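> need a 3D model of the sequence below.
(chains A, B and C, ligands or ions: 3)
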Amino acid sequence: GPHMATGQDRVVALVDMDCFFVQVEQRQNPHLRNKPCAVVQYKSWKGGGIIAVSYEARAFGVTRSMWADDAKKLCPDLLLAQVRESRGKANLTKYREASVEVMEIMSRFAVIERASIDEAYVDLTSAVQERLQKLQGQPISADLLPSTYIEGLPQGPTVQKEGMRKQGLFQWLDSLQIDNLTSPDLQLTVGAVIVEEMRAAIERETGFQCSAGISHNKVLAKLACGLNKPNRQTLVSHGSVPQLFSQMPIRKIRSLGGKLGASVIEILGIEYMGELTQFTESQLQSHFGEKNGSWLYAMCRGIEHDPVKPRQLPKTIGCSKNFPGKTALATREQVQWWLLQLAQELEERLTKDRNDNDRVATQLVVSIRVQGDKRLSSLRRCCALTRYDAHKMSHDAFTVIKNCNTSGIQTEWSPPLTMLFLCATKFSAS
DNA sequence: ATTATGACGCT
DNA sequence: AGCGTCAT
Ligand SMILES: Nc1ncnc2c1ncn2[C@H]1C[C@H](O)[C@@H](COP(=O)(O)OP(=O)(O)OP(=O)(O)O)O1
Ligand SMILES: [Ca+2]
Ligand code: NA
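Residues are numbered from 1 along each chain as shown, chains lettered A, B, ... in the order given. Ligands and ions are numbered 1, 2, ... in the order given. And now the structure:
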């Protein structure tokens, strides 16, 4: 009853760029705009691997992970942009720099948590309170929410998409109590107004379009964001949760897309998030652990407490390359040449990071994969990172892995290496 | 022969 | 520490 928390204390948004790497390339090259197009890495093996796909191309069935040669079978007119190659490897700098553009704009509105290269969470609780003060009881016009969907509406007693959106929005606004500064639904609505403003600023100042979710926590905001893409935002209210979750496959919720989610389904014999409500917190903890059980018990009721962390910069800076099939590294000279290539890219990124961000990495992590292993990483070792010098870092990495070599011969490497990874970590202010 | 990342949890 | 899970 009155002591039952409802997880309505915060306003949280998740902003996610639409087909991000494609937009970066389309901004640069106007010939790619409004076309079926994809971004690919490498080119020799099956036309290259697709890592991003425009919405026009998705209509033909083109997807991430598809080889370009295969994508061309579905979409013969597909246009392609290639990821830059430097020092023999894919180099993602252009996309990292575009990400900084967007993150810096978002940061003007609120503190953000960088969740990935193209998405950020925002805690809008304080901004909403402020805006509610300015509004002074004044209602919120539909004109302020030109790209907002209200999940679950319209409902109750037009056949076009935009018409439906407006009907739902009208029902929502019609029902609002703008006289109460503490009404969670009103807070979410004001949150959505601010997010329209943020999204407009991003598009004005970068050219990039995005989608967003607005709810009371990170998990619902993320879920919401995906409900209407591209170039739209979605508000998921606390009240919308029972219906939304009643047919929502468990795997759709962030963190349940893998083995844990599969075990929830298997052990409990259920399919949808809403079905979780019928178990006690102790029952869930018994199957999935203390932490997971409490989390599931709250989450299936729309409640989640993970904070939006004040962190705009990545915590690690890493460089990685696979060496598949016949290209696996089988000589010491090969291994050393590639560690150097990786170290040179890392040095470049670290030096820029130190100048931009007033910090220095203190640990170097070296990881490899050996041919045969089904695991993505076979071995990981750390050593001190005391100088931003590529030759030193590569020599140091060779030293820490050189004992993985089975070959009785000094010059040969066995089993061959199918992955190298260097990662700078443990930053300190400088 | 997906690849290149990056955060966080366990013991 | 080193490994695993999950995610973009
Ligand atoms: N598995 C991956 N491997 C390499 N790069 C990836 C991978 N997944 C995502 N990326 C890169 C390319 C994407 O443009 C960018 C953001 O990913 P993501 O948000 O999942 O999709 P997207 O921005 O391309 O499309 P959407 O409009 O569906 O969000 O990160
Ligand atoms: Ca995206
Ligand atoms: Na994303």
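> what are the contacting residues of the helix or strand containing residue A:80?
According to DSSP states H and E, residue A:80 maps onto strand A:79-82. Here strand A:79-82 makes contact (Cβ atoms under 8 Å, 6 or more residues apart in numbering) with A:22, A:25, A:29, A:31-32, A:35-41, A:43, A:47-48, A:68. (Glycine included, C-beta is placed from N, CA and C.)
> how much space between the closest residue to DNA strand B within chain A and residue A:83?
As assessed by Cβ to the nearest atom of the strand, DNA strand B sits closest to residue A:325 within chain A, at 2.8 Å. Counting by Cβ to Cβ, to the nearest Å, the separation of residue A:325 from residue A:83 is 21 Å.
> cool, residue A:271 as well?
Computed as Cβ to Cβ, the residue A:271 to residue A:83 distance reads 38 Å.
> is any part of stretch A:215-235 close to ligand 1?
Yes: using Cβ under 6 Å from any ligand atom, stretch A:215-235 reaches ligand 1 at A:229-230.
> now that stretch, how far from the chain's geometric center?
In terms of Cα atoms, centre = their mean, to the nearest Å, the centre of stretch A:215-235 is found 13 Å from the chain centre.
> again, but for stretch A:99-109
Centroid separation for stretch A:99-109 versus its chain: 15 Å, with Cα atoms, centre = their mean.
> likewise for stretch A:345-365?
23 Å.
> same check on stretch A:67-79?
26 Å.
> so where do the helices sit in chain A?
A:20-28, A:55-58, A:68-74, A:93-106, A:125-135, A:161-175, A:184-206, A:218-225, A:241-246, A:259-268, A:281-288, A:290-299, A:332-357, A:390-401 (DSSP state H).
> which of those helices sits closest to ligand 2?
Distance to ligand 2, taken as Cβ to the ion, is lowest for helix A:20-28 among the helices of chain A, at 5.0 Å.
> would you mind pulling up the elements that that closest one packs against?
strand A:37-41, strand A:49-53, helix A:93-106 (3 or more Cβ pairs under 8 Å, 6 or more residues apart in numbering; DSSP states H and E).
> tell me the domain ranges of chain A?
A:1-18+A:89-249, A:19-88, A:250-307, A:308-430 (curated CATH domains).
> would you mind measuring the gap between the ends of the second one?
So that's domain A:19-88. 26 Å (Cα to Cα, to the nearest Å).
> near ligand 3, anything from it?
No: on the criterion Cβ under 5 Å from the ion, domain A:19-88 is out of touch with ligand 3, staying 6.8 Å away.
> so what's the residue nearest the centre of chain A bridging to?
Central residue of chain A (Cα atoms, centre = their mean): residue A:116, 4.0 Å from the mean position. In this entry, residue A:116 is beta-bridged to residue A:119, by DSSP bridges.
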